[PDB]
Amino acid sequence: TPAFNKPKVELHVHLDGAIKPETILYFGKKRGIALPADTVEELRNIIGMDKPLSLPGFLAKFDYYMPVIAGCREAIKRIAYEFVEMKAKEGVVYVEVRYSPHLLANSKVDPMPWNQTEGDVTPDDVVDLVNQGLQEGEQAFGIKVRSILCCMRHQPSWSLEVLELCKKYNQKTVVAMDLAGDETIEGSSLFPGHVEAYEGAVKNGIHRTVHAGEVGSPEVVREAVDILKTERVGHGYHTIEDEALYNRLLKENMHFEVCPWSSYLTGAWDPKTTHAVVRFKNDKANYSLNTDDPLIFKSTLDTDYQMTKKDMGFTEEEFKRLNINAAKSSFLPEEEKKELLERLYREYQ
């Protein structure tokens, strides 16, 4: 019995972090590229985490399988189509999937990812492949699916290029720009390449979202807010350590993309302490419950909801409110956003 068997909205989930173990296996075999395990079950266990690690610790999991997906046109599109299917089955009526286009490419990328051998798959090409898959997934399963292109904290040179992709494919799936990666890199939020990209997004009406306060101090959330101009904040658990910033963001209707299970596994959340989302709930903050990387976390959307239900005390009421809030704070145009709110309100009666 799921915790909330009613329509949901997810804004914070990773394409490259939500691939099926079966599909990873398929391509490892088909391409003759190696994997840390030979069966889907053994692969699940080695790519997945059972206990809290660290942000850098969690990031090492992509090395296991990315090499097998990156560079193959049929793989990139396939995981996009299968993603939608996975969400539809979760009750998700609207989702925004994030991914770094450069990390799946094998041509026109200076630091060649995963030691790939030169190919013809351009970062731009991966954006077009993902669009097709998500769009076929929408038609095929009946849920609205949009994408978000991720700037990598350790590679600011890719940033202005991400900005262009968001411009080029504006609303043709791409709805916003993100900043993901290793938040422990002191001052990465402020690298000129990242800064320039967000400043440009503001001048061009491209929506912005930034990971901050996941593992970093509230000072990083302030960089995201003041310099980067985020509309939303990925994670943001640490914002509450700076009361003034918290209540300021609270009073500004800042949307927090919360991922309960994720925060536990990465170490972002000290389990010995009451989760930030409980304060968020009690303060009637504008937030959402997201999965982040179901693959690496061995989870589904019901994992976060149950967690917040059994522990933390979330009610059906708070789930509806929380989802309506995600709908309002989505990066969709007004017309489409209304359509969404109609769906939720219709199916919430």
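From 1 onward, residues are counted along the sequence shown.
For the pair 211 to 219 and 107 to 115, the mean Cα B-factor is higher in 107 to 115. The PDB entry records a higher mean C-alpha B factor for 310 to 318 than for its counterpart among 310 to 318 and 283 to 291. For the set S147, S189, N253, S159, the PDB entry assigns the largest Cα B-factor to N253.
Between the residues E136, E257, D178, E96, it is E136 that shows the highest Cα B-factor in the PDB record. Looking at the C-alpha B-factors along this chain, the one for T184 belongs to the lowest third.
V68 sits in the middle third of its chain by CA B factor, as recorded in the PDB entry. Compared with the other modelled residues of the chain, the Cα B-factor recorded for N45 ranks in the highest third. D226 sits in the lowest third of its chain by CA B factor, as recorded in the PDB entry. Per the PDB record, residue ranking by Cα B-factor puts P52 in the highest third of the chain.
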